[PDB]
């Protein structure tokens, strides 16, 4: 079934329930996922109204872009030219700059295919917006099916050469409660390398590091507490994880990661080369989710995209988008329950 309701400030909440009784819900405010629940338990973090996102934290569940992550000094080179983007975290451009696409109301259309239902959000980023050349016509399609698969499909076309590398910022918490650390979750991740951070500013350090046989090697399922209790300077630097992991094998058919808690597991698939993992290292911040005070490590992301820092480490890839080329990206979060 599909249900639409006012979510506040003019935004809508679109809720989809599949044959299995699973419920996923989205909002046009930032083309974002608000909730995902089974047998009355939330699997992800989210608020109860649009206002909360705007007042508390606008990132959770959102489509962030045009470029996800931190860009050093807000500087990108486009066709040999330097461009300075909006700086909203010191001199860095973080998540597209201030008042970015995650804070705008996107238009949308719902398509019911029976076994699958799609919600297509659209937004136009005007040329020059936050320093980005455009116009960029963007669309993010969130779909949910009877097999419990939640798919995100991105598309974009720009009038001018520009940069483009968005991501979905959902935070998972299989505890179904923010006051509970995800340290008890087990994680498996098909990556043998990562990108270390320079320092507290979180810009990249400059190198690519082999993680095999370290507290961060999750090639084999392991409990998060491990990483969390690690003494690796990188863990100690951010007080958890807040890094880009490089996938060993690319392609949508490969399960790239898996988050497990008891009977319940989330599998991640993507056509992207990297997954940025952030473990809600907010300390005592205590953001309120459903009346529950969030704890340090009370969430974890799987931001699939081209690794941040390609400006300094070209091996990471290239986020350029040439005029007229069609950008496409796909990320899938599949839900399973052991019998």
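Residue numbers count along the first chain shown, from 1.
Selected stretch [higher average CA B-factor]: 301 to 309 or 277 to 285 = Comparing 301 to 309 with 277 to 285, the higher average CA B-factor belongs to 277 to 285.
query = Between 189 to 197 and 156 to 164, which has the higher average C-alpha B-factor in the PDB entry?
reply = The entry gives the higher C-alpha B-factor average to 189 to 197.
ask   = Whose C-alpha has the highest temperature factor in the PDB entry: 136, 85, 235, 101?
value = Of the options given, 235 has the highest CA B-factor in the PDB entry.
task = Select one of 127, 73, 255, 202: the residue whose C-alpha shows the highest B-factor in the crystal structure entry.
result = When the deposited C-alpha B-factors of 127, 73, 255, 202 are compared, 255 is largest.
ask   = Which third, lowest, middle or highest, does the CA B-factor of residue 180 fall in along this chain?
value = It falls in the top third of the chain.
ask   = Lowest, middle or highest third: where is residue 54 by C-alpha B factor in its chain?
value = Within its chain, residue 54 is a middle-third residue by C-alpha B-factor, going by the deposited values.
task = Could you say whether, by C-alpha temperature factor, residue 81 belongs to the lowest, middle or highest third of its chain?
result = Highest third - that is where residue 81 ends up once the chain's C-alpha B-factors are sorted.
request  = Ordered by C-alpha B-factor within the chain, which third holds residue 240? Give me lowest, middle or highest, please.
outcome  = Bottom third by C-alpha B-factor.
request  = Determine, from the deposited record, the chain-internal third of the Cα B-factor for residue 143: lowest, middle or highest.
outcome  = Middle third of the chain for residue 143's C-alpha B-factor.
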